[PDB]
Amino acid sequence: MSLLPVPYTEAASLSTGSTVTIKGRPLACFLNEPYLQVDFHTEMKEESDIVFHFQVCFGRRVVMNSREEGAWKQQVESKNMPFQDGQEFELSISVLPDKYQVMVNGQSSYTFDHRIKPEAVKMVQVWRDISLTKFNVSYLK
């Protein structure tokens, strides 16, 4: 119900069958290009390596990447934009054996092959131009 702090930081343990669910709303209209960033970190430090970086420029594109040994690797870009202008969204990131599967409002929207094992993740950070009402880590089978 109530708004969560942004940047939002939560310790997390991920493996095949894990899902990270986020509910939030952009802080600006799509004309002003608000951003959303979700980072799966290897340590409880914001300067640590990033196993999975998911960045939305609302109304424009999605960029996915990893930061290894302090350096950004090969960017994966998607022009798929299921997010709606001025609306609350549900972002769901599922851990599959070979990749992350990203869902937006129940629709399968993005994929990213594992570069580092998801078991290396110790923390999740959610930040940039969003208000956040829900953050949850769940596990199934």
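Don't overthink the numbering: it's just position in the shown sequence, from 1.
Please work out which of 31 to 39 and 63 to 71 has the higher mean CA B-factor as recorded in the PDB entry. Here the higher of the two C-alpha B-factor means belongs to 63 to 71.
Select one of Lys117, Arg128, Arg25, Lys122: the residue whose C-alpha shows the highest B-factor in the crystal structure entry. Across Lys117, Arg128, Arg25, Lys122, the entry lists the biggest C-alpha B-factor for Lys117.
Taking the entry's C-alpha B-factors for this chain, is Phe54 in the lowest, middle or highest third? Lowest third - that is where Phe54 ends up once the chain's C-alpha B-factors are sorted.
How does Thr21 rank on Cα B-factor within its chain, lowest, middle or highest third? Lowest third, going by the recorded CA B-factors of the chain.
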